[PDB]
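Residue numbers (PDB author numbering), protein chains in the order written: chain CT, 2 to 206; chain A4, 6 to 238; chain F, 3 to 128.
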RNA sequence: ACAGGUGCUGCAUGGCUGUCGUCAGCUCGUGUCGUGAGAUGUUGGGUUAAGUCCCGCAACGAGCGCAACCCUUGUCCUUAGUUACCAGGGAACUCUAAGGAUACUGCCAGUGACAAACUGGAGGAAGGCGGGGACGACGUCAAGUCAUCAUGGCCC
């Protein structure tokens with residue numbers, strides 16, 4: 002526990018906030034609470050389709066939610082009937098129409114959250130942690146990442162003593178502020194406890 | 006020009022060895038004697054060794070084989086370079102990097118970096134660079150080329166290594182034994198003549214003698230090339 | 003009408019040089035009335051006097067921000083900026099005095115866990 | 001059915017944090033050496049804030065650390081001039097807040113291995129890392145937190 006968040010330290014130099022609205026000092030708190038509610042609802046509902054970058058920007062009441070997923074087809078549904086239900090469920094627990102327009106991740110091996118959640122799903126499927134970690138490294142490296150680091154922390158393989166393991170390939174220079182490093186941290190709820198999964202994908206400058 | 010005579014070797018002083026204290030006992034066979042506490046080489050042996058070596062390099066050049074010239078001593082620094090450019094063969098004159106040959110797959114990256122930097126300095130990409138940073142990349146080029154200038158166009162292991170002063174270039178001999186490729190080497194009367202397939206007893210310290218040996222090898226290789234060019238039509 | 007802008011730690015001054023008797027009016031008030039500090043008075047009148055011309059130029063200064071000595075430093079800097087305007091031969095002497103350099107010193111911020119910019123709390127081994 | 005539990009186990013854990021320590025280290029691939037644990041690289045001559053850089057060198061390269069990229073302050077320029085400013089309504093100035101300029105050992109003299117570099121000088125608002133911050137390597141303390149939270153197990 003001695004490292005800054007890669008996204009947060011880069012929030013203004015090369016990255017952008019995944020929430021772009023403006024409020025007044027009194028309105029801001031309720032905007033933020035509603036935003037966090039929508040985010041947690043979305044991440045629990047669309048847990049099948051591999052969404053990674055839900056972005057909330059609300060211009061004057063009406064909002065424009067933008068989810069980026071690697072599998073837009075399943076979350077949109079047939080002719081677009083799941084997306085309408087999602088639209089109205091968002092609108093119900095926000096103020097007025099939440100236009101959710103859905104992007105597409107054309108390289109799911111370069112997004113850190115998709116890699117981390119894949120490793121997590123494999124871990125909850127009682128797959129060897131070393132093999133899952135190495136598979137993710139290989140997949141990202143041959144998909145074209147300039148660097149990938151993946152850290153697995155916890156009771157790995159049912160071990161009584163938790164340990165931290167990791168693999169790195171490429172550069173992933175955390176201290177460089179202009180590095181374009183995607184980062185994700187998820188948890189796999191195994192049968193022996195929680196295993197934390199951290200993924201750094203360094204893509205350029 | 007495949008047989009070198011004894012007279013020019015005597016003129017160049019290819020017989021002056023080293024002090025009798027520094028001699029290698031394995032060098033005893035081809036030693037004439039010891040005058041004024043300096044060993045004298047047997048030119049009868051030296052000329053026959055040169056004859057066999059010249060026949061070998063002529064055969065390699067006629068089969069379009071590649072021979073690496075190696076010498077980093079002050080006596081053989083520039084002569085190796087100029088004769089290698091004459092013969093169109095790779096050379097090593099500044100310093101033999103540990104692992105030029107055994108670790109050849111790693112040196113590929115350094116040679117490729119040198120080639121990329123030459124290709125960008127040809128068309129000119131210093132416009133996008135600053136005054137100091139362009140000089141930084143240029144000093145990178147010069148430092149990297151000074152180390153790998155002769156082997157930048159060798160592209161794979163050579164089929165023979167011609168070393169001057171085996172004792173100085175011991176690392177090259179050990180690497181060549183490691184990889185199995187033949188060694189044509191010049192041995193003074195203090196060095197180890199083992200792992201040298203073509204032993205040439207000679208003085209490797211004299212500037213004139215070294216120039217004579219390297220030039221003779223160069224003409225042998227060039228004559229091999231001209232003979233090989235006779236089958237085009 | 004030479005114009006100089008001087009700056010110090012927080013105060014900013016604008017001075018107007020014009021050949022005259024030597025009267026200095028700061029913020030529409032005389033320099034002595036404005037500055038109760040003898041040191042501040044000397045600091046203001048120093049750039050005029052190192053080159054032997056105190057009573058040669060009339061000065062109209064307008065200061066803002068800062069404190070009593072920061073404003074004096076700002077006026078000195080502005081007077082130097084205006085002096086270099088009429089003649090560039092005075093610039094070497096001003097440089098040798100060290101009046102043309104703007105003092106970049108600022109109040110160092112208070113850091114976290116420290117009681118001041120550099121003052122730390124008391125430490126006990128036990 | 002269950003919910004609920006600030007009930008227990010930080011010595012089952014995730015996440016988060018302290019600390020050595022913003023110390024300059026910590027490693028890996030290939031090559032080579034050793035029966036081997038390992039070594040080399042990473043040591044040496046200098047130099048630096050720095051494993052910083054140069055030169056040597058059985059090493060050749062790379063990675064995370066250092067530095068830089070980020071924020072603030074120091075001078076100037078440009079766009080703009082209100083609710084800001086006041087030299088003579090003005091579009092000067094301060095200021096405000098965006099975008100840039102400058103600073104690079106760039107030039108001079110010496111010392112230095114024909115080096116890296118250091119010492120002094122000019123110009124400049126600033127001179128060598130201009131000042132301050134954020135950024136905290138592999139790891140160590142079964143370090144702290146089950147009472148933010150999440151969670152394996154135990155318990156009501």
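Note that the Cβ used here is the ideal one computed from N, Cα and C, for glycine as well.
Subject >> Enclosing alpha helix (DSSP H) for residue 193 (chain CT) [first to last residue] >> reply: Residue 193 (chain CT) -> no alpha helix (DSSP H), and no H or E assigned at all.
Subject >> Closest Cα partner of residue 1 (chain CT) within the set 166 (chain CT), 182 (chain CT), 165 (chain CT), 167 (chain CT) >> reply: Any question about residue 1 (chain CT) goes unanswered here, given that chain CT covers just 2 to 206.
Subject >> C-alpha distance - residue 184 (chain CT) paired with residue 198 (chain CT), whole-angstrom precision >> reply: 11 Å
Original post:
In three-state terms, what does DSSP make of residue 84 (chain F)?
Top reply: helix
**OP:** Output yes or no for whether 8 Å exceeds the beta carbon distance between residue 46 (chain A4) and residue 20 (chain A4).
**Re:** yes
**OP:** Please go through the same chain and pick out, in chain order, the residues whose beta-carbon is closer than 7 Å to the beta-carbon of residue 78 (chain CT), but skip the five residues on each side of it.
**Re:** 84
Subject >> Cα-Cα separation, residue 104 (chain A4) to residue 97 (chain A4) >> reply: 13 Å
Subject >> Nearest to residue 164 (chain CT) (by Cα), restricted to the options 139 (chain CT), 179 (chain CT), 152 (chain CT), 40 (chain CT) >> reply: 152 (chain CT)
Original post:
Taking the Cβ atom as the reference point for each residue, do residue 144 (chain CT) and residue 108 (chain CT) lie within a distance shorter than 8 Å?
Top reply: yes
Subject >> Contact set for residue 96 (chain CT): own chain, Cβ-Cβ below 7 Å, skip 5 residues either direction >> reply: 62
Subject >> Nearest candidate by alpha-carbon position, reference residue 99 (chain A4), set 220 (chain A4), 156 (chain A4), 64 (chain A4), 143 (chain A4) >> reply: 156 (chain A4)
Original post:
Short check: CB of residue 141 (chain CT) to CB of residue 116 (chain CT), under 8 Å?
Top reply: yes
**OP:** Look at the alpha carbon of residue 48 (chain CT) and the alpha carbon of residue 187 (chain CT), and state the distance between them as a whole number of angstroms.
**Re:** 13 Å
Original post:
What residues in its chain sit with their C-beta under 7 Å from that of residue 160 (chain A4), if we drop five residues either side in the sequence?
Top reply: none
Original post:
Using the C-alpha atoms, what's the distance from residue 17 (chain CT) back to residue 9 (chain CT)?
Top reply: 10 Å
**OP:** Using the Cα positions of residue 216 (chain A4) and residue 170 (chain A4), report the straight-line distance between them to the nearest angstrom.
**Re:** 13 Å
Subject >> Closest residue to residue 119 (chain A4) among 142 (chain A4), 132 (chain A4), 131 (chain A4) (Cα-Cα distance) >> reply: 142 (chain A4)
**OP:** Closer than 8 Å by C-beta to residue 162 (chain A4): which residues in its own chain qualify, once you throw out the five before and the five after it? Chain order, please.
**Re:** 106, 109, 184, 186
**OP:** Scan the stretch 28-92 of chain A4 and note each continuous beta strand (DSSP E) run of 3 residues or more that stays entirely inside, going in chain order.
**Re:** 36-40, 43-46, 72-75
**OP:** Report the partner residues of residue 215 (chain CT) according to the DSSP bridge assignment.
**Re:** Any answer about residue 215 (chain CT) is impossible in this case: the structure gives chain CT only from 2 up to 206.
**OP:** Whole angstroms is fine: what's the gap from residue 70 (chain F)'s alpha carbon to residue 99 (chain F)'s?
**Re:** 22 Å
Subject >> Inter-stretch contact (C-beta, 8 Å, three-pair minimum) for the stretch 7-26 of chain F and the stretch 72-87 of chain F >> reply: yes
Original post:
By how many angstroms is the C-alpha of residue 193 (chain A4) removed from the C-alpha of residue 22 (chain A4)?
Top reply: 6 Å
Subject >> Counterpart residues of residue 18 (chain F) in DSSP-defined beta bridges >> reply: 5 (chain F), 62 (chain F)
Original post:
For residue 162 (chain CT), which of helix, strand or coil comes out of DSSP?
Top reply: coil
Subject >> For residue 153 (chain CT): DSSP bridge partner residues >> reply: 166 (chain CT), 198 (chain CT)
Original post:
Hey, is the stretch 103-111 of chain F in contact with the stretch 40-56 of chain F, meaning 3+ C-beta pairs nearer than 8 Å?
Top reply: no
Subject >> Extent of the continuous alpha helix (DSSP H) to which residue 21 (chain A4) belongs >> reply: That residue, residue 21 (chain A4), is in no alpha helix (DSSP H); its beta strand (DSSP E) goes 21-24.
Original post:
How is the alpha helix (DSSP H) around residue 200 (chain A4) delimited, first residue to last?
Top reply: No alpha helix (DSSP H) holds residue 200 (chain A4); DSSP gives it neither H nor E.
**OP:** May I ask which residues mark the beginning and end of the alpha helix (DSSP H) holding residue 117 (chain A4)?
**Re:** 109-128
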